[PDB]
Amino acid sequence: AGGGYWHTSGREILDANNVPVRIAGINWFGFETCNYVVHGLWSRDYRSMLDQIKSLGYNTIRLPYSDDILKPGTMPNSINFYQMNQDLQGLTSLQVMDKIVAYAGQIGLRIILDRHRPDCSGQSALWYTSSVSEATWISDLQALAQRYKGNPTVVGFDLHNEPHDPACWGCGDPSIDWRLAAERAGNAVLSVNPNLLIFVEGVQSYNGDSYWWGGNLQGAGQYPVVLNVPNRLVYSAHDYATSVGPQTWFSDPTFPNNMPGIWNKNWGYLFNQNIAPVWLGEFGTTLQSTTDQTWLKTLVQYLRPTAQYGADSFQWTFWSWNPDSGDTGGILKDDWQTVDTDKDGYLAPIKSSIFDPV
């Protein structure tokens, strides 16, 4: 399954033949760093990396980027070309991206593009900065959509990674109201290719409740995102455990009984109420603490195991493939070859199936 562009039906995603599909994937980061390319291509051929990811079961890649790679002539600076990656030599960051998108499509993976940073120096709480403007943001998103227009390997865009304070949901002040910005961006995108899915994260705070960045969708119920094209909107949250940082509820004595409550309040409800599909776009942990391990165990059940519920379940993409994330660690170990199969162990129940070749 997975052929052609995709669409929504209630809380499910469907391919072009109206078969339900489940996004159950991984984050491979680096094109949003100042290396301007996915990491680990200093040790691995990229096709070999992609094959390993498929082999392990992940069917979708969330591909973080920054707007720096759209500056003309921007080039990767951490690729090894000895006996590997030979066809990437002399390519721009964008030419390299082309390459990754194609092989991945050829082998049954899918790609979601993620405006993860305005520039390679770091994330922004708002969708714009003094240096990178909304207009540039939007032009870039359109530039990328036009660039993959016709290749359903890229199924849609995560408009902006992890909006947070002082972003607001529905407050009406156009300088900080992410709900309105999201529509601006989204319709710009669908104006180029109306078959793409639009993934919108939450903010961090709402009606005095605060959650993880990009995780708070509590205001989406009353102030929904409305796009020019129907059946394109996927809401998305992020969630973490203590390896990333401290939250009141890990200390709650009834943990992790509390968790589904917190999840449902912040993003769960949209799925339970059948309003829209929901994507846990980013989540992970080093699994160093018992707490984190209960968390992951619990979370995985919450997301609805594929065997009991199939594609009528939460979409997800784990953080991350890369071992070089302090806070979470990765699927691969420091050698960029050896799998942390125990970690991979946890995600088994919610994995699903590779898609059809594009």
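Start at 1 and count along the sequence shown; that's the residue number.
Stretches 303 to 311 and 33 to 41 differ in mean C-alpha B factor, with the higher average recorded for 303 to 311. In this entry, 210 to 218 has the higher mean Cα B-factor, the comparison being between 193 to 201 and 210 to 218. Within the selection 136, 86, 187, 272, the deposited Cα B-factor values reach their highest point at 272. Of the candidates 251, 151, 236, 95, the one whose C-alpha carries the top B factor in the deposited record is 251. Ranked within its chain, residue 49 lands in the highest third, by CA B factor from the PDB record. Sorting the modelled residues of the chain by their CA temperature factor places residue 104 in the highest third. Among all modelled residues in this chain, the alpha-carbon of residue 164 has a temperature factor (C-alpha) in the highest third.
Annotation for residue 144: C-alpha temperature factor in the middle third relative to the rest of the modelled chain, per the entry.
Per the PDB record, residue ranking by Cα B-factor puts residue 20 in the highest third of the chain.
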